[PDB]
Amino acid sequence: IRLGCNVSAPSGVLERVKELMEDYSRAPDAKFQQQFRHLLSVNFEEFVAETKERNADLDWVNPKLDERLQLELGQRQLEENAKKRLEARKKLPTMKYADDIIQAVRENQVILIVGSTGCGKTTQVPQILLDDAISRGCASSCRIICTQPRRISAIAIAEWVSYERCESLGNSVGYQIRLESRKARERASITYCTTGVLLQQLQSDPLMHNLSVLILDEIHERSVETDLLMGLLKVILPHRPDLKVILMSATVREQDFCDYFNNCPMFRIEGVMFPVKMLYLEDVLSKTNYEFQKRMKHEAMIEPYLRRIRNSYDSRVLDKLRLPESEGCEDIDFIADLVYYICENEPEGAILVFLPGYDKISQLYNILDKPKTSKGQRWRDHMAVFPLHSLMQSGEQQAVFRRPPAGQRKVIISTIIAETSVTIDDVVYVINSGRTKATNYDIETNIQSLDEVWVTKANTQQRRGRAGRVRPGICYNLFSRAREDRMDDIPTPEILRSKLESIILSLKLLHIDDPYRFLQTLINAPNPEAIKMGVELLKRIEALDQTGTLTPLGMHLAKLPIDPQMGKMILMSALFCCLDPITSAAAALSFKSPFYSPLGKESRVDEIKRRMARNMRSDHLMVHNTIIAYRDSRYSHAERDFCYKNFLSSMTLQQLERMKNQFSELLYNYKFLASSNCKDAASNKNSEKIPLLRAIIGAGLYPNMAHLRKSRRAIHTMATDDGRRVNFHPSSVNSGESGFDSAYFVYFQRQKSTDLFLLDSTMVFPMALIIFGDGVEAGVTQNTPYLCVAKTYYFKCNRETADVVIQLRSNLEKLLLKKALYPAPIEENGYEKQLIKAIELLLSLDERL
């Protein structure tokens, strides 16, 4: 036990904390509390009965609207204005199977439609079933929900299907994503929505009574949500015989889902794509004749292969395959040569280069842009070269989509983002490195890492398809087919890679109280060690009690669309009147930072963040400062130049501001805020007290703590509270700085790459962790009285301050408990405000003087 700095408080401050605490203890209605005790008192089939009565609207049909919609669909098939496409929709493969699809849906609760790119299943199946129900005179009983993984998919498909009905968005076709919607009409309608939207609507309608048809699309990508959703359908569908489910999948281990749902009817629908030829490293090197210069294992893999292909390739190319450098992206000059090769031979078309991450996208960009070779010098002026990365601006502009200037060849250097999420349509050539970056979770070390790995067979399959979009393509794989046969079928499904605290809490609102029993039902069961690690986190932040049951605060956290830790941070910000900054922090950790990382500009983007951090040693208040400055630039009509000068995405900032408005609207409806405007003066009376903002941020990121011991840009000897040595991620404002007021930090995410890095952090003060943390005891270790937090960090503290802090933590726990059970805004002159004022007083002693 090595004691830290002295946290004792002046006697004058302790007396007034005492005057204030015992004002608070002199104190003497609830719809939320009755909702909470009802949920805990009912068993599961009481739960089923109650939610059936409460969501009954589809029990009502509208015969006159049935017959009217049936009658202008009958006639409005008789123009030629919506026909040109009915004969154009008939040219899509899915339409040939209309009646079999219709008939299979009537005879089966669940069917599966499997099909490759271009088959038309997403756009055509919803209309096939909708137009059938209208024609049978069932229009008003038909409400179809179609889920998509990505937001932009939902809007684009909705807009395109509505074009296909000669309607504007909002009649028979709509979309719903989070924070934006164009809703269809209530009945005889199709809604495209993101999977999360549907999961959140499950909290009000846990048996899906408010739709007649559920279409789950792209289940083969095995996102958490569709895996959860199929898991829940096994619970829901027994109580919903009228409900129709259509699963939709690419041809990627499709049989997993057929098996998972008994064995249900499976339709296979042929795609529409032009042929794309696949070449491997042998083939590429036999064409380019490039020469390399400047464990094995690998040799165990390659030599059997080179003996089986001995007579199909020249010996000198098979010898290059014995170098480990020859496969993947380890030699960027090799990729550069094959780019130059495609520009010389081969017809007109764009090159799509798949590389795992930012670092070597940078290297190939610089080699094409500042060429080392005469061949490169040659081709420099005839290429328009686009890096494509989530942290880069290229996808936010339209150049990378349009066709190049005449005489110029387009070269796209991208991450995995161009496999599905972003799509360039004039690509005829894919150079596939076979390498990506992926996150994996070591359950035993509690270390998250980001490592470069080989892609899966499904990845290359989809990357191959990216070339066949306008015209027959070529896919160059920078690895041998021996490496291909050592690749996994599909990536490890993300629910085995994921923190489960949010999911487990959400399942309590669906009256699924055993996460063990339920998660074991998934197609891929998560490690039960991860399930109690999630349970244990929820117990610590007190969303569950020790027996495992939902607490009143846990019910609030499950109803907030954010991870429970930051939801807790968000509610504290209401109680403590700093709503705007803390919601700024939560939305950014919950989504992403507004800053780009444009090629070559890092030293300069590093310097913008340090100026936006306003020397506050917090990545989280850096984002809030960024948002304050962004609002000022709109209020100044300077928005474009502001974003330019500071390498900011105005589209990221706009979405952060709507999440902030949404957190503010939810907290208002839950009766925690007097106003729904997250900028409201009453909600922000402390938003400029920096020590108080460190306290609320720490309350949410607790227990992720780190301690620095070090003086010198500077190097850092720092370690997390589990003893592991960490460093600030070089993208953090805190990396390399010296002279912190405090050696203590909280962080949202630690990650291993070159080193174990803290990706975001706020400098915190010991009294703040002590008040809002746990594991707090007073004692004596040498002959020095101490106060500790988490039974880890011990601070010199005199008995009078120790005792008052311990009394203070007790009434805070009583206060939080009643705000959870009886939500009200803290009234500014009442008794609860006096214990708020006690805490601000103590925290304000750490102000930078």
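Here, rigid core means the biggest group of C-alpha atoms that superpose within 1.5 Å across both forms. Quick note: we count residues from 1 along the sequence shown, nothing fancier.
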Core-superposed in 8 other deposited structures of this protein, which stretch deviates more in Cα positions, 81-89 or 457-465?
81-89
How do 172-180 and 295-303 compare in 8 other deposited structures of this protein: which one has C-alphas farther from this form after the rigid core is matched?
295-303
From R712 on to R713, does the model leave out none, 1 to 3, 4 to 9, or 10 or more residues of the deposited sequence?
4 to 9
Are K294 and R295 truly consecutive in the deposited sequence, or are residues between them missing coordinates? Give the number as none, 1 to 3, 4 to 9, or 10 or more.
10 or more
Stretch with higher mean Cα temperature factor, 37-45 vs 778-786, is 778-786
Comparing 567-575 with 238-246, the one whose average Cα B-factor in the PDB entry is higher
238-246
Say you rank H707, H620, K410, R222 by Cα B-factor from the PDB entry; which sits at the top?
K410
From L509, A543, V400, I155, residue of greatest CA B-factor
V400
Please place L821 in the lowest, middle or highest third of its chain by C-alpha B factor as given in the entry.
lowest
Sorting the chain's CA B-factors, does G349 end up in the lowest, middle or highest third?
highest
Could you look up the Cα B-factor of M487 in the entry and say which third of the chain it sits in: lowest, middle or highest?
middle
Going by the recorded CA B-factors, say which third of the chain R640 sits in, lowest, middle or highest.
middle
Comparing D132 with the other modelled residues of its chain, is its CA B-factor in the lowest, middle or highest third?
middle
